[PDB]
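Asker: Next comes target-v3.cif, mmCIF, C-alpha atoms (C1' of nucleotides):
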data_model
loop_
_atom_site.group_PDB
_atom_site.id
_atom_site.type_symbol
_atom_site.label_atom_id
_atom_site.label_comp_id
_atom_site.auth_asym_id
_atom_site.auth_seq_id
_atom_site.Cartn_x
_atom_site.Cartn_y
_atom_site.Cartn_z
ATOM 1 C CA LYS H 1 -9.630 142.758 34.466
ATOM 2 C CA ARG H 2 -12.630 141.209 32.713
ATOM 3 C CA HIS H 3 -11.411 137.831 31.403
ATOM 4 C CA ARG H 4 -10.012 134.467 32.525
ATOM 5 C CA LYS H 5 -10.560 132.725 35.863
ATOM 6 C CA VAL H 6 -8.811 130.533 38.422
ATOM 7 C CA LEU H 7 -9.359 127.087 36.908
ATOM 8 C CA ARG H 8 -6.475 124.856 38.008
ATOM 9 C CA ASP H 9 -5.439 122.691 40.951
ATOM 10 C CA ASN H 10 -8.256 124.045 43.120
ATOM 11 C CA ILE H 11 -8.934 120.460 44.189
ATOM 12 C CA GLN H 12 -5.756 120.897 46.213
ATOM 13 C CA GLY H 13 -7.292 123.869 48.015
ATOM 14 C CA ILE H 14 -8.537 121.323 50.546
ATOM 15 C CA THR H 15 -5.251 121.043 52.410
ATOM 16 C CA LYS H 16 -4.290 117.862 54.263
ATOM 17 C CA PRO H 17 -4.927 119.240 57.783
ATOM 18 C CA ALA H 18 -8.378 120.432 56.707
ATOM 19 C CA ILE H 19 -9.539 116.863 56.164
ATOM 20 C CA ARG H 20 -7.567 115.805 59.239
ATOM 21 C CA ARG H 21 -9.579 118.263 61.320
ATOM 22 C CA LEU H 22 -12.816 117.212 59.622
ATOM 23 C CA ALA H 23 -12.180 113.556 60.409
ATOM 24 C CA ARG H 24 -11.473 114.464 64.033
ATOM 25 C CA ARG H 25 -15.043 115.720 64.317
ATOM 26 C CA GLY H 26 -16.039 112.266 63.116
ATOM 27 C CA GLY H 27 -14.167 110.706 66.024
ATOM 28 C CA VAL H 28 -11.650 108.627 64.066
ATOM 29 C CA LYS H 29 -8.528 108.172 66.163
ATOM 30 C CA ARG H 30 -5.841 107.118 63.669
ATOM 31 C CA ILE H 31 -5.749 107.654 59.903
ATOM 32 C CA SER H 32 -3.357 106.250 57.315
ATOM 33 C CA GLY H 33 -1.827 108.533 54.726
ATOM 34 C CA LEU H 34 -3.537 106.893 51.771
ATOM 35 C CA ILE H 35 -7.084 108.113 52.381
ATOM 36 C CA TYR H 36 -6.460 111.749 51.439
ATOM 37 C CA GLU H 37 -6.761 111.277 47.689
ATOM 38 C CA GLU H 38 -9.981 109.258 47.723
ATOM 39 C CA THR H 39 -12.077 111.770 49.642
ATOM 40 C CA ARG H 40 -11.053 114.621 47.346
ATOM 41 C CA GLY H 41 -12.495 112.627 44.477
ATOM 42 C CA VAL H 42 -15.386 111.536 46.670
ATOM 43 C CA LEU H 43 -15.995 115.117 47.763
ATOM 44 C CA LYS H 44 -15.812 116.242 44.156
ATOM 45 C CA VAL H 45 -17.949 113.311 43.010
ATOM 46 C CA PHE H 46 -20.708 114.409 45.363
ATOM 47 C CA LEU H 47 -20.146 118.031 44.477
ATOM 48 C CA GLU H 48 -20.924 118.612 40.799
ATOM 49 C CA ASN H 49 -23.985 116.444 41.308
ATOM 50 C CA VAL H 50 -25.166 119.253 43.577
ATOM 51 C CA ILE H 51 -24.040 121.997 41.206
ATOM 52 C CA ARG H 52 -25.228 120.433 37.957
ATOM 53 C CA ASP H 53 -28.916 120.504 38.815
ATOM 54 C CA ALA H 54 -28.348 123.733 40.733
ATOM 55 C CA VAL H 55 -27.077 125.231 37.496
ATOM 56 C CA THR H 56 -30.157 123.845 35.763
ATOM 57 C CA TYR H 57 -32.483 125.818 38.023
ATOM 58 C CA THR H 58 -30.756 129.092 37.197
ATOM 59 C CA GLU H 59 -30.886 128.728 33.419
ATOM 60 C CA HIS H 60 -34.590 127.931 33.518
ATOM 61 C CA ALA H 61 -34.993 131.088 35.592
ATOM 62 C CA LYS H 62 -32.822 132.834 32.967
ATOM 63 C CA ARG H 63 -30.504 134.297 35.590
ATOM 64 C CA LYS H 64 -26.721 134.501 35.614
ATOM 65 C CA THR H 65 -26.136 134.546 39.375
ATOM 66 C CA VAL H 66 -26.467 131.442 41.542
ATOM 67 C CA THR H 67 -28.773 132.065 44.495
ATOM 68 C CA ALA H 68 -28.749 130.152 47.758
ATOM 69 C CA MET H 69 -32.473 129.468 47.333
ATOM 70 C CA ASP H 70 -31.559 127.258 44.384
ATOM 71 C CA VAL H 71 -28.795 125.455 46.280
ATOM 72 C CA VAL H 72 -31.156 124.174 48.960
ATOM 73 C CA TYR H 73 -33.703 123.182 46.310
ATOM 74 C CA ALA H 74 -31.372 120.684 44.662
ATOM 75 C CA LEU H 75 -30.176 119.475 48.054
ATOM 76 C CA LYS H 76 -33.812 118.637 48.742
ATOM 77 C CA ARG H 77 -34.055 116.571 45.557
ATOM 78 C CA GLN H 78 -30.887 114.637 46.384
ATOM 79 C CA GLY H 79 -32.439 114.081 49.805
ATOM 80 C CA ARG H 80 -30.322 116.026 52.299
ATOM 81 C CA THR H 81 -32.553 118.937 53.237
ATOM 82 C CA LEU H 82 -30.855 121.914 54.902
ATOM 83 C CA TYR H 83 -32.292 124.097 57.633
ATOM 84 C CA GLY H 84 -31.286 127.723 58.019
ATOM 85 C CA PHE H 85 -31.302 129.436 54.618
ATOM 86 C CA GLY H 86 -34.843 129.565 53.249
ATOM 87 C CA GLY H 87 -38.346 128.173 53.283
ATOM 88 C "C1'" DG J 1 6.216 88.511 65.916
ATOM 89 C "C1'" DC J 2 7.916 91.762 62.783
ATOM 90 C "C1'" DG J 3 8.074 96.568 61.049
ATOM 91 C "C1'" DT J 4 6.617 100.907 59.108
ATOM 92 C "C1'" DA J 5 4.407 104.838 59.050
ATOM 93 C "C1'" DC J 6 1.809 107.603 61.032
ATOM 94 C "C1'" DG J 7 1.320 110.543 65.369
ATOM 95 C "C1'" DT J 8 3.949 114.056 67.732
ATOM 96 C "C1'" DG J 9 6.903 117.847 67.693
ATOM 97 C "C1'" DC J 10 9.869 121.694 65.688
ATOM 98 C "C1'" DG J 11 11.066 125.140 62.532
ATOM 99 C "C1'" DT J 12 10.128 127.938 58.295
ATOM 100 C "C1'" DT J 13 7.031 130.555 55.406
ATOM 101 C "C1'" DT J 14 3.146 132.023 52.829
ATOM 102 C "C1'" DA J 15 -1.029 132.480 51.524
ATOM 103 C "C1'" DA J 16 -5.225 133.196 54.074
ATOM 104 C "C1'" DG J 17 -7.297 136.971 56.348
ATOM 105 C "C1'" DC J 18 -8.442 141.917 57.235
ATOM 106 C "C1'" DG J 19 -9.372 146.335 55.870
ATOM 107 C "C1'" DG J 20 -9.419 149.281 52.328
ATOM 108 C "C1'" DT J 21 -11.020 150.866 47.543
ATOM 109 C "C1'" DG J 22 -14.130 151.190 42.916
ATOM 110 C "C1'" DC J 23 -17.126 149.420 39.577
ATOM 111 C "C1'" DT J 24 -21.423 147.938 36.834
ATOM 112 C "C1'" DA J 25 -23.674 144.070 36.154
ATOM 113 C "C1'" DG J 26 -27.512 142.173 36.889
ATOM 114 C "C1'" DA J 27 -31.374 141.529 39.565
ATOM 115 C "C1'" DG J 28 -35.630 143.662 40.790
ATOM 116 C "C1'" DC J 29 -39.424 146.139 39.528
ATOM 117 C "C1'" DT J 30 -42.889 148.557 36.650
ATOM 118 C "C1'" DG J 31 -45.837 149.515 32.305
ATOM 119 C "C1'" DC J 32 -48.050 147.597 28.834
ATOM 120 C "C1'" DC J 33 -49.288 144.743 25.328
ATOM 121 C "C1'" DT J 34 -50.713 139.816 23.336
ATOM 122 C "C1'" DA J 35 -51.935 135.244 22.641
ATOM 123 C "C1'" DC J 36 -53.216 130.895 24.320
ATOM 124 C "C1'" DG J 37 -55.307 128.018 27.205
ATOM 125 C "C1'" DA J 38 -59.580 127.159 29.399
ATOM 126 C "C1'" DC J 39 -64.462 126.822 28.219
ATOM 127 C "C1'" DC J 40 -68.526 125.309 25.544
ATOM 128 C "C1'" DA J 41 -71.297 122.527 22.287
ATOM 129 C "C1'" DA J 42 -71.002 118.452 18.814
ATOM 130 C "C1'" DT J 43 -69.355 114.186 16.871
ATOM 131 C "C1'" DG J 44 -67.843 109.584 15.741
ATOM 132 C "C1'" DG J 45 -64.511 105.594 16.357
ATOM 133 C "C1'" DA J 46 -60.676 104.231 19.151
ATOM 134 C "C1'" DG J 47 -60.720 101.918 22.777
ATOM 135 C "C1'" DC J 48 -62.780 98.643 25.710
ATOM 136 C "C1'" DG J 49 -66.063 95.097 26.617
ATOM 137 C "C1'" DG J 50 -66.843 90.261 25.246
ATOM 138 C "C1'" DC J 51 -65.959 85.442 23.011
ATOM 139 C "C1'" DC J 52 -62.853 81.840 21.290
ATOM 140 C "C1'" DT J 53 -59.980 79.317 18.804
ATOM 141 C "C1'" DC J 54 -54.439 77.133 17.930
ATOM 142 C "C1'" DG J 55 -49.282 76.154 19.644
ATOM 143 C "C1'" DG J 56 -45.852 78.037 22.799
ATOM 144 C "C1'" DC J 57 -44.829 76.458 26.480
ATOM 145 C "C1'" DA J 58 -45.157 72.891 29.905
ATOM 146 C "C1'" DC J 59 -44.199 68.654 30.864
ATOM 147 C "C1'" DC J 60 -42.299 63.972 30.385
ATOM 148 C "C1'" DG J 61 -38.939 60.810 29.501
ATOM 149 C "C1'" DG J 62 -34.728 59.651 27.841
ATOM 150 C "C1'" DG J 63 -30.096 60.076 26.501
ATOM 151 C "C1'" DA J 64 -25.927 63.240 26.988
ATOM 152 C "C1'" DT J 65 -22.688 65.505 29.114
ATOM 153 C "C1'" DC J 66 -19.396 66.992 32.821
ATOM 154 C "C1'" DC J 67 -17.810 68.608 36.489
ATOM 155 C "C1'" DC J 68 -16.378 66.441 41.028
ATOM 156 C "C1'" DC J 69 -14.101 63.574 43.172
ATOM 157 C "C1'" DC J 70 -9.919 60.570 44.449
ATOM 158 C "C1'" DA J 71 -7.259 56.717 44.649
ATOM 159 C "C1'" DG J 72 -3.626 55.429 41.453
ATOM 160 C "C1'" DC J 73 0.421 56.514 40.294
ATOM 161 C "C1'" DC J 74 4.929 58.339 39.922
ATOM 162 C "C1'" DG J 75 8.477 62.056 40.584
ATOM 163 C "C1'" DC J 76 10.628 64.353 43.498
ATOM 164 C "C1'" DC J 77 13.207 65.308 47.296
ATOM 165 C "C1'" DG J 78 14.401 65.778 51.689
ATOM 166 C "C1'" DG J 79 14.872 63.379 55.942
ATOM 167 C "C1'" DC J 80 16.718 59.795 57.523
ATOM 168 C "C1'" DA J 81 19.747 55.701 58.802
ATOM 169 C "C1'" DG J 82 23.572 53.347 57.257
ATOM 170 C "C1'" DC J 83 28.086 53.354 55.039
ATOM 171 C "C1'" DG J 84 32.472 54.884 53.278
ATOM 172 C "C1'" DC J 85 35.606 58.030 54.407
ATOM 173 C "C1'" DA J 86 38.612 62.671 54.968
ATOM 174 C "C1'" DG J 87 41.111 65.009 58.052
ATOM 175 C "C1'" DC J 88 43.301 65.692 62.469
ATOM 176 C "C1'" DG J 89 45.333 64.976 66.841
ATOM 177 C "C1'" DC J 90 47.366 61.864 69.119
ATOM 178 C "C1'" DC J 91 49.741 57.761 68.895
ATOM 179 C "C1'" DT J 92 53.865 55.937 67.993
ATOM 180 C "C1'" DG J 93 57.710 54.501 64.906
ATOM 181 C "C1'" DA J 94 62.898 55.935 63.006
ATOM 182 C "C1'" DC J 95 66.644 57.533 64.419
ATOM 183 C "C1'" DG J 96 69.731 60.824 66.503
ATOM 184 C "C1'" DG J 97 69.725 63.149 70.911
ATOM 185 C "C1'" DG J 98 69.425 63.110 76.041
#
Could you write out this file's structure as structure tokens?
Answerer:
Amino acid sequence: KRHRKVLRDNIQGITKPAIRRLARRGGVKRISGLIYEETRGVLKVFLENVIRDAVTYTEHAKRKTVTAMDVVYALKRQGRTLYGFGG
DNA sequence: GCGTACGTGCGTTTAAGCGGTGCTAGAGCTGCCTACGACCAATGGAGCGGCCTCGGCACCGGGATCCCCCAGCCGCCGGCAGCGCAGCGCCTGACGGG
């Protein structure tokens, strides 16, 4: 097809074990059940901040596709530089 | 010390994941044309310097809160000690039995 898109409930795509594994890499031993909801918001809260300016780069370039070279650029402005994709 | 809820484990189950199409959109590049920003020479007046004088603020002194504190004070009530007592089991009568 050529219309519509998946635009619902995708915040639940981050399934409960996925965070549970992620936190294990952080070394936390025991986690209460309440914390799952906050990080999803927190993860989202951080996220569009990265996209919003990333989107801004593309429109100034008058593209339609989002390149990785733009993604790192905004990540530089926010502060967290990334090695391994460009430069 | 209490207790719940989150780790551990088991048993579905399902959507990720793989591998496979098929498409065209959009990025990349080229050709070519234009305009617009740098450059140059002049010009004057906006901005910056130098004085320089009042009053907004500083300072004071005084009077005005106003929270902060707390013993006063009582109410309350429960503990507590004393008192009156309710109920029971035994004590002990009433009266026939032993």
Asker: Would you compute the box with edges along x, y and z of the file around range 60-72 of chain J, including every atom the file lists for it and 8 Å extra on each side, and give its centre and edge lengths in Å to one decimal, as lines of an AutoDock Vina configuration file?
Answerer:
center_x = -23.0
center_y = 62.0
center_z = 35.6
size_x = 54.7
size_y = 29.2
size_z = 34.1
Asker: I need the output of the PyMOL selection byres ((chain J) within 9 of (chain H)) for this file as number ranges by chain; which residues are they?
Answerer: J: 5-7, 26-27
Asker: For C-alpha atoms (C1' of nucleotides), I'd like the residues from the last selection saved as an mmCIF file, in the coordinates of the input.
Answerer:
data_model
loop_
_atom_site.group_PDB
_atom_site.id
_atom_site.type_symbol
_atom_site.label_atom_id
_atom_site.label_comp_id
_atom_site.auth_asym_id
_atom_site.auth_seq_id
_atom_site.Cartn_x
_atom_site.Cartn_y
_atom_site.Cartn_z
ATOM 1 C "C1'" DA J 5 4.407 104.838 59.050
ATOM 2 C "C1'" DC J 6 1.809 107.603 61.032
ATOM 3 C "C1'" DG J 7 1.320 110.543 65.369
ATOM 4 C "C1'" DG J 26 -27.512 142.173 36.889
ATOM 5 C "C1'" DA J 27 -31.374 141.529 39.565
#
Asker: Could you tell me which residues the PyMOL selection byres ((chain H and resi 11) around 10) grabs in this file, written as a ChimeraX atom specification?
Answerer: /H:7-10,12-15,40-41,43-44
Asker: The PyMOL selection byres ((chain H and resi 73) around 12) on the file shown: which residues, as a list in words?
Answerer: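 The output of the PyMOL selection byres ((chain H and resi 73) around 12) on this file is residues 50, 51, 53, 54, 55, 56, 57, 58, 66, 67, 68, 69, 70, 71, 72, 74, 75, 76, 77, 78, 79, 80, 81, 82, 83, 85, 86 and 87 of chain H.
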Asker: Report, in Å with one decimal, the straight-line distance from CA of residue 60 in chain H to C1' of residue 33 in chain J.
Answerer: 23.8 Å
